Amino acid sequence: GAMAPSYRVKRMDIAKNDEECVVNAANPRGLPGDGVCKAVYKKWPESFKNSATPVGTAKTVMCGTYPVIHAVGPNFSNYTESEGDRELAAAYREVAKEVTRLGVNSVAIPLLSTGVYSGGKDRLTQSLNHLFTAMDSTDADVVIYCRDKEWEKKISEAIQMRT
Ligand SMILES: [Cl-]
Ligand SMILES: [Cl-]
Ligand SMILES: [Cl-]
């Protein structure tokens with residue numbers, strides 16, 4: 001575990017993270033995809049061997065000794081708000097199980113279902129709150145990655161609010 005488990009946020013490509021493992025915002029089919037998933041495919045392509053997994057689940061595949069946790073959030077274009085919210089919560093609970101199983105002291109994590117799976121809605125708060133619900137009982141240092149300047153400020157404010 002980390003000596004004083006923390007949350008932090010950085011605005012940069014998660015493929016350049018400084019953590020002991022990475023969470024991919026994966027598709028269910030283990031395809032290269034777009035956005036975070038394509039960056040992860042370019043950096044750790046070996047981790048996409050048998051990475052397909054259903055919505056609401058996470059599947060870890062090692063790239064050398066570096067763990068890539070493929071977490072599949074719902075596409076809100078296809079799910080109802082209610083069923084999508086349940087699958088998004090579930091994907092983050094499966095990430096917390098994997099992070100714990102791996103025994104890492106730190107993890108790089110994107111906000112699931114906030115990009116092309118958002119169904120055209122702002123889901124910063126919804127996705128971040130499910131991230132906290134899952135990860136608060138873990139003792140890994142969590143570093144959240146984002147690309148937008150306004151999102152960086154809002155994520156940082158939300159972390160600081162809990163102290
Ligand atoms: Cl960058
Ligand atoms: Cl997404
Ligand atoms: Cl972002």
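The count begins at 1 with the first shown residue.
Technique stated in the header: X-ray crystallography, 1.4 Å.
Any Cβ shown, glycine's included, is placed from N, Cα and C.
Using a 10 Å Cβ-Cβ cutoff, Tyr117 (ADP-D-ribose binding site) registers 23 neighbours. For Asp13, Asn27, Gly35, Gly115, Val116, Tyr117, the entry in Swiss-Prot reads ADP-D-ribose binding site.
Summarising the annotation, the PDB entry assigns expression tag to 1-3. Same-chain residues lying 6 or more positions outside the expression tag (1-3) and placing a CB less than 8 Å from one of its CB atoms are 105-106, 139-141.
In sequence order, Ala25, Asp34, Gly35, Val36 are the residues of the chain that are 6 or more apart from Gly115 (ADP-D-ribose binding site) and have a CB within less than 8 Å of its CB. Across the residues the record lists as binding ADP-D-ribose (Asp13, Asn27, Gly35, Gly115, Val116, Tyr117), the two Cα atoms farthest apart are 19 Å from each other. Counted over every protein chain shown, other Cβ atoms within 10 Å are most numerous around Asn27 among the binding-site residues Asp13, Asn27, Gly35, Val116. Among the binding-site residues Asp13, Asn27, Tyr117, the ones whose Cβ sits under 6 Å from an atom of ligand 2 are, in sequence order, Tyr117.
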